[PDB]
Amino acid sequence: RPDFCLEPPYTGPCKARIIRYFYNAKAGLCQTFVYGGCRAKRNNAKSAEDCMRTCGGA
C-alpha cells in the first residue's frame, strides 16, 4: 500500500476540532482522529471508505 498509510495521524497546529479518518497500520483499520483545520498530511480522509480504498482495500 502507499507509504503514507504507515504514517501516524497529524492534528497539525490549527485549533479546530474536525473528525477525520487515518489508517492505523498496526490495527489494520481506519480510525477517527481530531484534525485541527490546517496542514493536513496524506493519511487523512473524510470517510472510512476513502481511507479503506487508499490503504486497507484488497
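Please note: Cβ atoms are built from the backbone with ideal geometry, for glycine as well, and neighbour counts cover all protein chains shown. Every number here is computed from the coordinates shown, using simple stated rules; none is lab data.
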Across the range 10-39, what is the total count of residues that are small (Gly, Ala, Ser), surrounded by 11 or more Cβ atoms within 10 Å (Cβ to Cβ) and under 17 Å from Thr54 (Cβ atoms)?
1
Restricting attention to the range 45-56, which residues are under 17 Å from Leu6 (Cβ atoms), out of contact with any helix residue (DSSP H, G or I) (no Cβ under 6 Å at 6 or more places or on another chain) and either in contact (Cβ under 8 Å) with a residue 40 or more places away in the chain or surrounded by 13 or more Cβ atoms within 10 Å (Cβ to Cβ) (or both)?
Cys51, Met52, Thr54, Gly56
The lone condition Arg42 fails out of (1) part of a loop (DSSP other than H, G, I, E, B); (2) out of contact with any helix residue (DSSP H, G or I) (no Cβ under 6 Å at 6 or more places or on another chain); (3) surrounded by 13 or more Cβ atoms within 10 Å (Cβ to Cβ); (4) not β-branched (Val, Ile, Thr) is (2)
In the range 1-20, what residues are out of contact with any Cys (no Cβ under 7 Å at 6 or more places or on another chain) and among the charged types (D, E, K, R)?
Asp3, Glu7, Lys15, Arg17, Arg20
Of all residues in the range 1-39, which are part of a loop (DSSP other than H, G, I, E, B) and farther than 20 Å from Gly57 by Cα?
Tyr10, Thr11, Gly12, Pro13, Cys14, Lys15, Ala16, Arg17, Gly36, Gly37, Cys38, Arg39
